[PDB]
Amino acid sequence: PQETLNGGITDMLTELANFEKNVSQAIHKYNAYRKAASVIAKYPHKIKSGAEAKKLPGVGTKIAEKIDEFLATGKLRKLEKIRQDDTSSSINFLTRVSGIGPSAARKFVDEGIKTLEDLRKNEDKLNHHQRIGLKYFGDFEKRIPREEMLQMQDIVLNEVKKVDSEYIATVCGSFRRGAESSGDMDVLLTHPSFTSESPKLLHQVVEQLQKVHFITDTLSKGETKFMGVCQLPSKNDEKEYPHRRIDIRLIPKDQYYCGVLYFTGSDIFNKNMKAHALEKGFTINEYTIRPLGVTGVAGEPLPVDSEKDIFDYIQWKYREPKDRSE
């Protein structure tokens, strides 16, 4: 539904979420406010009262009261107060830097470091990840048009196959679901030589992507997970492309399609679909699907060579990534 509908309420609730996460360090309250914001965002009527909102799952007594105040006055006193608080507003702002969480943000502000400018002046106090987040502060907040995501996929699949034609690589996330923009790029990688039974398999791929100057920085890298930065090549005379976030995950072959399913999402759909599998005698996670015995004891992971196999264990019919919004 249109934002004008309840956008004021949803904006209020998201701002509250952010203060709970970044300032109060209350992650579960952050998620409570986000859940309330989502269900309200999907509500196809302009909310007239807190009572009306309370009928939705995730909206309770306190949010109902906040909605009543917002509706009667057009603001929320406590949010107005938080906004003008130099300490709170600065802490909340610094967490937009990738690598600066609530703990780091609090410490910086405690010592007089409140702005990106102060961060620039204080490089020695920033760890590697934080320096990268600062460097690309603006770029990391931009979204990625699907047309660029396709150019990016083109490079990733080409270079992976060039390293070893037996690798399998799948760009997952919202992109695989057919979205017209993405926040970042998620790549799942596997290889026949890597099973749960059985490295350098990930390194070889990261190395090649750096060699062709697609990967530009590294946030973290181990034997199964890479998190870093990449950029599309620019044409002479054209404005250069923003730097983008990319993650690459190496997963065992025998867990690969459970991973593709899971990392394609949405979370709504995942959380959603864990359900059916249960009621049908199955426990599912990002790695495996296992049968639940008559007392609830999990059996060995079931064999899986496709996304559809998973649906076929729970007697469902394949639903394309296109239709997995929920």
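Quick note: we count residues from 1 along the sequence shown, nothing fancier.
In terms of unmodelled positions of the deposited sequence, the stretch from residue 198 to residue 199 in this entry skips 1 to 3 residues. The mean Cα B-factor in the deposited entry runs higher for 239-247 than for the other of 239-247 and 221-229. In this crystal structure, the stretch out of 22-30 and 264-272 whose C-alpha atoms carry the higher mean B factor is 264-272. Out of 259, 281, 58, 50, it is 281 whose C-alpha atom has the highest B-factor in the PDB entry. In the PDB entry, residue 194 places in the highest third of its chain by CA B-factor. Among the modelled residues of its chain, residue 131 has a C-alpha B-factor that falls in the lowest third according to the deposited record. Sort the modelled residues of the chain by CA B factor and residue 150 lands in the middle third. Remark: residue 254 belongs to the highest third of its chain, ranked by C-alpha B-factor as recorded.
Sort the modelled residues of the chain by CA B factor and residue 209 lands in the lowest third.
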